[PDB]
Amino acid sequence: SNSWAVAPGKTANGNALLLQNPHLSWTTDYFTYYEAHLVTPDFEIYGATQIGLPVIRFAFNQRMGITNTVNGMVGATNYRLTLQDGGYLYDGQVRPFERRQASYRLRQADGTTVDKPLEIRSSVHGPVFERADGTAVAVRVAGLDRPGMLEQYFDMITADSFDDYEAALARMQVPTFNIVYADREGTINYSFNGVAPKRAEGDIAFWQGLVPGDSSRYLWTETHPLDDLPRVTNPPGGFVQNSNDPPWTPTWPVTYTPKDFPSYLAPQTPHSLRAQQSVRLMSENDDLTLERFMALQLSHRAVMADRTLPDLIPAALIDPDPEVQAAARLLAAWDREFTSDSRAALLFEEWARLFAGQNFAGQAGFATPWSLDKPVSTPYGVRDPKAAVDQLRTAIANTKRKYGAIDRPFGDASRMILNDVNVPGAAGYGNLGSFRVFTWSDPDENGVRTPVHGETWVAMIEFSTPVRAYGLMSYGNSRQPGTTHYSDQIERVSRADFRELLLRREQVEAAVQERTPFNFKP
């Protein structure tokens, strides 16, 4: 997911800009986003939210708007229990499990059901489970006493002022997510939100693995209040952002550093190339217009190519194999953009899959490691050009096996297919540097791949008066069988042709296609 908020000073017209850009699976049902508009005499909200949710998480209206991205707040702890004498060892003594006999029905193939018993046990930590390898684990989840998640979002996206927004956000009923805010009065804010337990020792990695479940020394009870978490409001740089990277460069220049917070709140790992592009795209551009803001969102730079090709190409050129030399010349001529017509892109991904791992997050192959001191220009270089050239040799083979040739047009293999609509793709893997994301699947027998995850709900809002917003929903607004609103937006997506989001009455009336009068009989 991506998120941008621009202060008036950094824009041409003086109105804050907001980008809603969540990245999620295109198939997982509970991850399906739905677009809607709610108008009442007392409030108005437009935006997307996961199906089943009664409030809009990615909302905006004439006055304000917010967006979210995953921050992976570690709000749960998994403890390794030491089983002993019918209980578990805790502080040298044996404690009894809280035991409850339950039962549940399991549907059979023929439609009937059978009763299955289920014993539910709890240690002082929480519910107990047993892994396949026999490990006994207890999960402790923070915020199980926070019943107001849905109402907090309702009050947040419906706040009449930034102070109301903050007061609502401050309730701590939303257990996770980075949340970005922007309004017509000019305020922009970034918050590393979530319910984080206060811990007396241990960094994030320690609390992410199995924590010892044999000592009260690790049994946390309290949680952190809003003012303890990383937050940025109207920073000197005039913008706020987050592309799933740790909260250490939410703006440029930064307004705090890792040492200013407990080492367990967030990781301090290398920022993805997409997150680096995010920071550059915002900081390097001034006098932004909504149109320019929208064009920057389409960024699809093969940033890793800029960090590796200068070293790889010369090394490949000395190899005697004319195919390796041909691949090197193909890669060298490439403009390093994931465009539909790119003939070098597919080959590059295949090399990267080996150089940086299947998820392109590997760091061991770089010559200069990542550093928070140069957050948008490291890692860099190829540590072992010779080994990298062998990887290219193999990549050439993998590219041919998967796509049929080492130079097939990116957009001929990368396709967005929904029902009967089949259109050329562009942009790609975020870990390769692409800001706009399309996590392409493995190709089929003919080298055709489609998005598994990536751009879903995409919206850009300018908080002018009235506001102006544009958006698109990759997989339509409906997924019911036979609907005409599943594949009716993907063609537009392939041309980056966004629709104007209609909030004003006259606009909606001009666009109405169906009317559903209703009577709510309480």
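Just count from 1 along the sequence shown to find any residue number.
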#### Entry: 291-299 versus 257-265 - greater average Cα B-factor per the deposited record
257-265
### Task
Using only the Cα atoms and their B-factors as the entry lists them, report which of 248-256 and 132-140 averages higher.
132-140
#### Entry: Of the residues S215, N189, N431, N193, the one carrying the largest Cα B-factor as recorded
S215
### Message
Quiz for you: based on the deposited Cα B-factor, which of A345, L219, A367, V74 is highest?
### Response
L219
### Message
Sorting by Cα B-factor within the chain, modelled residues only, which third would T223 end up in: lowest, middle or highest?
### Response
middle
## Note on the structure
Quick tally, chain-level thirds of C-alpha B-factors: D145 sits in the middle
### Query
Relative to the other modelled residues in the chain, which third contains the C-alpha temperature factor of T67: lowest, middle or highest?
lowest
## Note on the structure
Sorting the chain's modelled residues by C-alpha B-factor and splitting them into thirds places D335 in the middle
### Query
So where's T11 on the chain's Cα temperature factor ranking, which third?
middle
